[PDB]
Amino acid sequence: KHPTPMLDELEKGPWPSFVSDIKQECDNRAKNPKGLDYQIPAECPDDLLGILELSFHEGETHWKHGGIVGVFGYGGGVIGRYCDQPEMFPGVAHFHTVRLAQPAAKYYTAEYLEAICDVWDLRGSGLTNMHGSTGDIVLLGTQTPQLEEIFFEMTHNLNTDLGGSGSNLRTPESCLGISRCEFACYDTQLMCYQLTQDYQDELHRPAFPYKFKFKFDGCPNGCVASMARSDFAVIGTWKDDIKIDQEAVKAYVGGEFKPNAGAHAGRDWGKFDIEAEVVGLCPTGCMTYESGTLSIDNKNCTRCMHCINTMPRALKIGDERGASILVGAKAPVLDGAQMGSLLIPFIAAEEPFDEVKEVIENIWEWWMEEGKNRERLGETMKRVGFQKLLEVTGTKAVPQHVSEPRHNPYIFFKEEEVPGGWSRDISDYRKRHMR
């Protein structure tokens, strides 16, 4: 154990301390009550604290640049990493992270998680990240020799694969969808599971110009933030009318039912005011509340979810469901952050989701050939143009594709559109216009 003045301070406070937890695991591996023959140093977590403490002191990371390790057959799935003071912290000389494929929306059973922990305690640090941002179960810290041993156990004993890493299709993830939400417009988890199984080869072997991600939201609320954190975002919606229970509406106005299902209960906002809290906040102003009756001009409803979110017991989603496809979202580097741009307003989203898969593969065929080295789909779109994206996906341009038409007249026309083409003879021109 190394003295940790600074980290100890992070053991105080009400919020679950990651330090106290790591310490407990250091204690556990120290007693080793199971009698395990630890494949990497029992004191691995101890040195992890030690080096983190060092970083707190000097304010600078102590991990060497990159690292290249993995398992035969795959071009990714494991993030190598070596500390830059191996002498001082031998326990983390090698501290590789392994990304493990997780079940859609993260539903688990004790037996399963326990079996994974059994494997990790023996061949790992005992430390994890319960789900990296993309979704993977993260096994934080092990040595090179254990990589294939771990992979053998995961696939042969736990029937579980690795997640993705590198210039391919990363681990997909979805909101819990229909499993426990009345707003879900399609089975997000199923699409996610099926598509993950379908493109296993694209996920395990880098074949793309750069990384590519899938995320699936059940409705515009974006619980998995698909249109902000994935290149291909599938967001559910409907195309018919919202279902309105007039009797339930009276219950809200009367005060029986709590607005937004009691989400603002910890504060006094006054009695529910359907006009001020619903009708008057509707983006399009397509709602009406007259003589105790609530009405919606669905034709002008952008289905933003607000009214439904506020009166869950009185307003339901439509029955003619599907999804919108938005593409290009990415973090800033290089050219700047991007959110999903609407590509397909409404598409069928029923098992086995062929229509969705068609768009995916069409985009890949294009981007795999046109994308520059390390250029995200979003960036390729900016460089080559949205119109190009439309052509390769066989998508007809509609007003819905823009938030606003162009305000510059630098318009490109295809030669076939212009009568006479572009082959001209200045000679004939001078015939009418002298120099």
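Numbering starts at 1 and follows the sequence shown.
For the pair 32-40 and 397-405, the mean B factor over Cα atoms is greater in 32-40. Looking at 12-20 and 414-422 together, the entry lists the larger mean B-factor for 414-422, computed on C-alpha atoms.
Per the deposited coordinates, the residue with the largest Cα temperature factor out of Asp268, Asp118, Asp201, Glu361 is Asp268. Among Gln102, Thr288, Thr97, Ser341, the highest C-alpha B-factor in the deposited entry belongs to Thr288.
The entry lists a Cα temperature factor for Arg123 that places it in the lowest third of the chain's modelled residues. Sorting the modelled residues of the chain by their CA temperature factor places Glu379 in the lowest third. Compared with the other modelled residues of the chain, the Cα B-factor recorded for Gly59 ranks in the middle third. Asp319: CA B factor in the highest third of modelled residues in this chain (values from the PDB entry). In the deposited entry, the Cα temperature factor of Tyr74 sits in the middle third of values across the chain's modelled residues.
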